[PDB]
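Colleague: Residue numbers (the entry's author numbering), protein chains in the order written: chain B, 10 to 281, 287 to 837; chain A, 10 to 281, 287 to 837.
Even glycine gets a Cβ: it sits at the ideal position worked out from N, Cα and C.
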Ligand SMILES: Nc1ncnc2c1ncn2[C@@H]1O[C@H](COP(=O)(O)O)[C@@H](O)[C@H]1O
Ligand SMILES: Nc1ncnc2c1ncn2[C@@H]1O[C@H](COP(=O)(O)O)[C@@H](O)[C@H]1O
Ligand SMILES: *Cc1c(COP(=O)(O)O)cnc(C)c1O
Ligand SMILES: *Cc1c(COP(=O)(O)O)cnc(C)c1O
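1) Which complete alpha helix (DSSP H) runs does the segment 770–820 of chain A hold, if anything under 4 residues is left out?
2) Excluding the 5 residues preceding and the 5 following residue 650/B in the sequence, name in chain order all residues of the same chain whose CB lies nearer than 6 Å to its CB.
3) Taking CB distances under 8 Å as the criterion, tell me whether residue 156/A reaches chain B.
4) Pairs of beta-carbons, one from the segment 291–303 of chain A and one from the segment 387–395 of chain A, closer than 8 Å: are there three or more?
5) Just list the beta strand (DSSP E) runs in the segment 541–581 of chain B, keeping only unbroken ones of 3 residues or longer that don't cross its boundaries, in chain order.
6) Anything in chain A within Cβ reach of residue 13/B, meaning under 7 Å, just list it in chain order.
7) Could you check the C-alpha separation between residue 460/B and residue 477/B for me, to the nearest Å?
8) With residue 660/A as the anchor, note down where its beta strand (DSSP E) starts and where it stops.
9) Please name the residue in 138/A, 709/A, 25/A, 59/A whose C-alpha comes closest to that of residue 115/A.
10) Under 9 Å between beta-carbons, which chain B residues line up against residue 763/A? List them in chain order, please.
11) Just curious, the beta strand (DSSP E) that residue 201/B is in, first and last residue?
12) Return yes when at least one heavy atom of ligand 4 lies under 7 Å from the C-beta of residue 158/B, else no.
13) Please find out if some non-hydrogen atom of ligand 4 comes closer than 7 Å to the beta-carbon of residue 255/A.
14) Could you name the residues of chain A that residue 10/B contacts, counting a contact when the two beta carbons are closer than 9 Å?
15) Does the distance from the CB of residue 489/A to the CB of residue 512/A come in under 8 Å?
16) At 3 residues or longer, and completely inside the segment 63–99 of chain A: list those beta strand (DSSP E) runs for me, N to C.
17) For residue 191/A, decide whether its Cβ has a neighbour in chain B, counting only Cβ atoms nearer than 8 Å.
18) For ligand 3, is there any heavy atom lying closer than 7 Å to the beta carbon of residue 47/A?
19) Enumerate in chain order the residues of its own chain whose CB-to-CB distance from residue 480/A is below 8 Å, with the five nearest sequence positions on each side excluded.
20) CA-CA distance, residue 198/A and residue 30/A?
21) Nearest to residue 60/A by CA position, among 523/A, 563/A, 78/A, 100/A, is which residue?
22) Measuring CA to CA, which of 804/A, 832/A, 362/A is closest to residue 147/A?
23) Assign residue 126/A to one of three DSSP states: helix, strand, or coil.
24) Taking 7 Å as the cut-off, is the beta-carbon of residue 106/B closer than that to any non-hydrogen atom of ligand 4?
25) At a Cβ cut of 7 Å, what residues of the segment 215–247 of chain A count as close to chain B, listed as they run along the chain?
26) Do residue 650/B and ligand 3 come close, with the Cβ less than 7 Å from some heavy atom?
27) Are the CB atoms of residue 492/B and residue 683/B nearer to each other than 8 Å?
28) Determine the chain B residues that contact residue 185/A at a beta-carbon separation under 8 Å, and present them in chain order.
29) Would you list, in chain order, the members of the segment 261–273 of chain B that have their beta-carbon closer than 8 Å to a beta-carbon of chain A?
30) Just list the alpha helix (DSSP H) runs in the segment 661–747 of chain A, keeping only unbroken ones of 4 residues or longer that don't cross its boundaries, in chain order.
31) What are the start and end residues of each continuous beta strand (DSSP E) run of 3 or more residues lying completely inside the segment 326–377 of chain A, in chain order?
32) Cβ-heavy atom distance between residue 667/B and ligand 1 below 7 Å?
33) Is any heavy atom in ligand 4 found nearer than 7 Å to the beta carbon of residue 94/A?
34) Could you please tell me which residues of the segment 67–78 of chain B, in chain order, have their CB closer than 9 Å to any CB of chain A?
35) Pull out every residue of the segment 702–714 of chain B whose Cβ sits closer than 7 Å to any Cβ of chain A, in chain order.
36) Is the segment 745–755 of chain B in contact with the segment 725–736 of chain B, if contact means three or more CB pairs nearer than 8 Å?
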């Protein structure tokens, strides 16, 4: 028995061992051999060959958390936007090299295989991206931490651009299984929907419900060089399958066909409005997760360690339920439903626990974006919970009635229950009422939250409101995507920087050393060189690897202002055509984003960007002086590829519309300079960086408010400007169209008569900034020197700093960068 | 590339190696731990340690058939009653002792873990047990065979007996993985349905058909120590998953959530009338299968041996198919559609090949049970197919007419299209005409085919109608299930019997060697000994070890007659009660077997048996001289516990009905005397063992036709036999059913007024032959010498004999017990 130990298995740094476990995983686990296998089959085997290493260091850590019994923090998020795992595993796990030499000998190319990897289809935006990065940092600073979410089968669709139009294709990423996850049939949980809340004896009983089964999958995540691997548990919706006879709800009518499919699509569809699925999915992930939670709360030393009930007096001291945005919000009614109805707790205690255990992270600047369910849905499908939500509502509103007595409107502004035609429940007021720390994501964001959107909650509980500025992981977005530069940082300042990023500041004595300058400018040269090459291998274009590489790789939306940059590209077009022998710093401007399904504008904007495209990129006079590419199907894969090759970073959002943003930061670590509004996280970059090193343009938020106040009148701009007057008549007549002229109608008219985002306001200064930017591009040694002053300054934007803060200020655990022993 | 070999990855009969493997798979395959593993878990550590070896030699054998390119055989059966893999594989690869030791040195006991495997529920009775044997014999004869069926997800039902009534629960044996199988997503195939045949220029095209996907799962099958490992490849149906927006059929209406579940439940369950799903299940298993069959004819080297058309002339030399019962008949016009329509042969060069490929095993005698689909039903979902059956039909009837000219009435009887209200297609007659061999599975059976059922097919095609008597593997059904009797037969003659069964006549010497005779009787004392105990441990009763273990395990169906056996037990019950102090040999009667839902008679016989049980097992006057036990959820792993323990095998059907009967045999080899009628495979056992070593009774087929001739009139037997009359009046008054007197009204009435099978008629003769049975049990040295004579004679019943006869007189290949090389 104690001979059934971990001990025996791993020869680590040896190539001959790896060739052996690769050959084992090809032949034995895969049940394939070389006369029939494929790139994908040797791809699986290698990943399985990497995974051995990985689950050994996981057993030891999991084991360790049960021995040393610490605070476990549970990161709830419905999107986990990981994207490709292999190399990332190899770099934090140090096998990077040992595997390449073993694959070369076996006679496979690692890069041929690493690109077979589909991005993990659990994700969409800078919500789930953030989640995946945070998890890296949770491991690297050694927190006993679980991230939970749903396992979706179909991701967020794959983009096809057909004729300059976006087509939605599907991401059936798990088509061939997923070698990293481990399925748990043993751990299937029931989740309940529907019901009837019968009130009886000591409480009430949720009776007669439909059940669905959440089956967990375990995907491990490995800390940077520190021998901790933690977990990512995700849940699959499974039907009970009596469906044919038992219960004898069938025989007669098998319309339970539906029970089962409406079940099955809880886990199918990821979401890009009020659809009862979205609520079934949120709840699903929450209910299953809280049962695995309290399950370990009781199990770890505590099913033993009771004193009274295995009382949840120490549930705050041992569990942390992190609500990433209102999508997890039924975690506060479902912990009080579990603690008050199934355990036999009473309200005031059960609340002391919810609140002391729970924390909320908000990611939206404007009141409209926040979640609110219609109360009849909750009443039909989640009854028990709508009672609890209303008791919570009652009570929190007697706290504000205690505090600010006699006010009527505060009670009616802060209420969880919104009145109106279509009565609602405001999930952000649930989470604020039920969480012990609320927090933002950039300095300005957390302050408008404190000063406009939640200030009635702010002055009841100022103590609650925190800020915890977003960040990036130096693993994924430096060492990994851009080794060339990680390397010339290594020799100058050490290796400690990847586990400690504020050390980059040491680079700031080497500002002037011409040796480093050329190295830094060499790496970028190599990078654009490479991108120009993937861009013309996987797809094709007539790039200039030397040109100013301009990128805007944002979600395609109106407040993210792709049109502000298209007007500026048609401004340089119109100059290079009006004066063909004038020196214009050549640019190749690339814009990527997937639209958002049927957002009319956005789909029309991608078609505009491929219009400028077919026009200027094909004109003879334009030459190679200017070029426009729309980057197809932007994703983690792809940012790892283009973020390295960028010189200028297009963070141009209307002042006050981005709550933070994180590609912003990514671009700064990769040595690129930002042209952006004084908004989001651009504030703290510029503040760290020196505004002298940053390109801030555009109206500050003051200037916005005021123009709304006096009236934005688009037209007036149009008329005191000739290049703008011109470019809009161009679009209009059909300059960029001509097989249907009248096609850009709705953009020419939106911009011109009804732009909510003020494009024309910033147009005079945006090009008068873009010129400065092109002048210093055309100065080599200082371009590279603005850059280093940015790179050196990158520190505060490492997610490790964001998790140390959560750790000590919202959660209550120190971090630790001490490398576990083991395997 | 050559560097990626099967080679370095083993140690085989090596304790220390297997204990090392077990620890990897528990912690790296299972990502479990000793601190967390279940019993269920240590069998996936062990079953995975035993699978490495099982697949290394599969790697090798399959390469070995591509290079050797032998004619290949494919057993098409809709049911493979596999059932428990750990030990058959341990003992077919000879790692049982080495494993027992490893797991033993680790500190688990191997027997514990063996019983956690749930039987691989892909079968149901005779038909499907058989197929499973033929795979172990066909591997053992080093033949290049294949097993292709549907993977049923829910098998068929698990039997629960509640209130002495049969409850059918669901078998989701697939609950925590089946480690013996390998999912191959990547060989998924389109199986086509409904549609229309558009006849264009050079033929017809089958257009507009719904498609369902056929996913394969690979289970290696290890021959006995001859290093071959073949494949059973079962197919899992699956919905296309375009069902959401991709197709523009949905969006607006997902009522084809239905298509999706009607498609998945082709693989969902076994069956258990003209049902659209049975035909769907039949076509499905055939079609994905005939594309692997034709694929390997093209891809298995023969793509470079094309000579002409990659000729399908070399198809019956190098492929062979078996229709195991009419459940794959659509393989014949499915093949003619693939050759003529999809390839491009003319209809004779396509038929020559088809009739030279198909050979079809039969197992039915009664007309009423031959397969017959309605032609409208073939029109709707297989329109091309019923066009091709009609071609076959025209011509086959023109052959027939060339031959029996003038006879119209023969023409109207031999056709594949039956007429009445609802015209049907005689799937029996399709099978015969599209084949180069038809064969019953027992001599009395093959002849009744030629004589009465298939006769006009034998005057026309005499040569075609062969026979190949059923048989059983010796490895599962004597070595694996009887290590004790395996041991002492080894002592007196060594192994070649296990691989060569008529070698057991050598035992006829030892008939009077007192060592032998103490040892055969001792082994049985101990098999009964452990079974008395599970009959206490896993379910409950107080068994007397020292009783005549009288067993009857059949399909609970009227003609199989457990109501003849119920009447003899009520007759001992009565006897032992009228005279409590007469020495009557003590017996344990045990009946088990599934009803099959909705058959009311059967469901009432299962209750009858348990009613009688409750009465005699609680009657104090009785003591342990008599006990009636219903064994529940009879399946392959019970059959392997109950058969070692049986002393009397009751093979009692109505004379003429059983066509053969694979279990008849299992008992003989396991030393139990057979009581039974002269029919089926009793016929060639009472011939092999000599009649007087058999308890043959009752009416012969002769006198059953005779009884029908003067008309069987139940009441006259009622009016002479005075113990009968007594049990009928006991049944009716509710002696056995006190709370509902009238509960067996149906059974009584049945017997008495409309018993199709002549139970009363065989009642005097059966009670007297049993009197002679308890007499001979009352004398241990002679009952044991009978037993020695029945075991000495088992040889004619190996599946190695039957398969040989297949290979040589039908499939045309040669068996070989020669070792293939490997690991
Ligand atoms: N009682 C325990 N003692 C030690 N380690 C444990 C214990 N329970 C769970 N673990 C560890 O945690 C893993 C399971 O994680 P969980 O899903 O949290 O139960 C096990 O495989 C061990 O690595
Ligand atoms: N061309 C081939 N040469 C050697 N071995 C082969 C070849 N094709 C198939 N095999 C072997 O046969 C197994 C089954 O092949 P398949 O018929 O493709 O399922 C493969 O997994 C290999 O072990
Ligand atoms: C970093 C990243 C994002 C983040 O979007 P922002 O608007 O930059 O915060 C989105 N998608 C991908 C693929 C990313 O790599
Ligand atoms: C052999 C076997 C059968 C065969 O039934 P017969 O009555 O013998 O034809 C049925 N069930 C199991 C479990 C078997 O192994």
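Modeller: According to the data block:
1) 777–791, 794–806
2) On the first chain, residue 650/B is found 636 positions in, with the first residue counted as 1. Closer than 6 Å at the Cβ level, and outside the excluded window around residue 650/B, lie 92, 128.
3) Within the second chain, the letter at position 147 stands for residue 156/A. No - not a single Cβ of chain B is within 8 Å of the one on residue 156/A.
4) yes
5) 562–567
6) One-based indexing of the first chain puts residue 13/B at position 4. In chain order: 32, 35, 43, 115.
7) Your numbering for residue 460/B matches position 446 in the first chain. Your numbering for residue 477/B matches position 463 in the first chain. The alpha-carbon atoms of residue 460/B and residue 477/B are separated by roughly 13 Å.
8) Translated into the one-based positions of the second chain, residue 660/A becomes position 646. Unbroken run through residue 660/A: none, as it is neither H nor E.
9) One-based indexing of the second chain puts residue 115/A at position 106. Minimum Cα distance to residue 115/A is reached at 25/A.
10) Looking up residue 763/A in the second chain gives position 749. What residue 763/A touches in chain B: nothing, since even the nearest Cβ is about 28 Å away.
11) As a first step, residue 201/B is located in the first chain; it is residue number 192 there, counting from the start. Unbroken beta strand (DSSP E) run through residue 201/B: 198–209.
12) The count along the first chain starts at 1 and reaches residue 158/B at position 149. No - ligand 4 has no heavy atom lying nearer than 7 Å to the Cβ of residue 158/B.
13) By 1-based counting over the second chain, the position of residue 255/A is 246. No - ligand 4 has no heavy atom lying nearer than 7 Å to the Cβ of residue 255/A.
14) Residue mapping note: residue 10/B aligns to position 1 of the first chain, counting from 1. By Cβ distance, chain A contributes 43, 115, 116, 117.
15) In the second chain, counting from the first residue as 1, residue 489/A sits at position 475. In the second chain, counting from the first residue as 1, residue 512/A sits at position 498. Cβ atoms of residue 489/A and residue 512/A: closer than 8 Å.
16) 81–85
17) On the second chain, residue 191/A is found 182 positions in, with the first residue counted as 1. Yes, residue 191/A lies at the interface with chain B (some Cβ there is under 8 Å from its Cβ).
18) Taking the second chain and counting its residues from 1, the one referred to as residue 47/A is at position 38. Residue 47/A Cβ: outside cutoff for every heavy atom of ligand 3.
19) Start at 1 with the first residue of the second chain, and residue 480/A comes out as number 466. Excluding sequence neighbours, residue 480/A sits near 451, 452, 453, 460, 823, 824.
20) Indexing the second chain from 1 puts residue 198/A at position 189. Indexing the second chain from 1 puts residue 30/A at position 21. So the alpha carbons of these two residues sit roughly 35 Å apart.
21) As a working mapping, residue 60/A is identified with position 51 in the second chain. Among 523/A, 563/A, 78/A, 100/A, the Cα nearest to that of residue 60/A is on 100/A.
22) As a first step, residue 147/A must be located in the second chain, where it is residue number 138. Looking at the Cα atoms, 832/A is the closest of the given residues.
23) Numbered from 1 along the second chain, position 117 holds the residue referred to as residue 126/A. Correct three-state label for residue 126/A: coil.
24) If you number the first chain from 1, residue 106/B lands on position 97. Every heavy atom of ligand 4 is 7 Å or more from the Cβ of residue 106/B, so no.
25) 227
26) If you number the first chain from 1, residue 650/B lands on position 636. Yes, the beta carbon of residue 650/B sits closer than 7 Å to at least one heavy atom of ligand 3.
27) Locating residue 492/B in the first chain gives position 478, where the first residue counts as 1. Locating residue 683/B in the first chain gives position 669, where the first residue counts as 1. Yes, the pair counts as a contact, with Cβ atoms nearer than the cut-off.
28) In the second chain, residue 185/A corresponds to position 176, counting from 1. Near residue 185/A (Cβ distances below 8 Å), the residues of chain B are 194, 195.
29) 266, 267, 269, 270
30) 678–682, 699–702, 715–724, 729–734, 736–747
31) 333–337, 372–375
32) Position 653 of the first chain, counted from the first residue, corresponds to residue 667/B. Result no, Cβ not under 7 Å from ligand 1.
33) Position 85 of the second chain holds residue 94/A. No, since every heavy atom of ligand 4 falls outside the 7 Å radius drawn around the Cβ of residue 94/A.
34) 67, 68, 71, 72, 75
35) none
36) no
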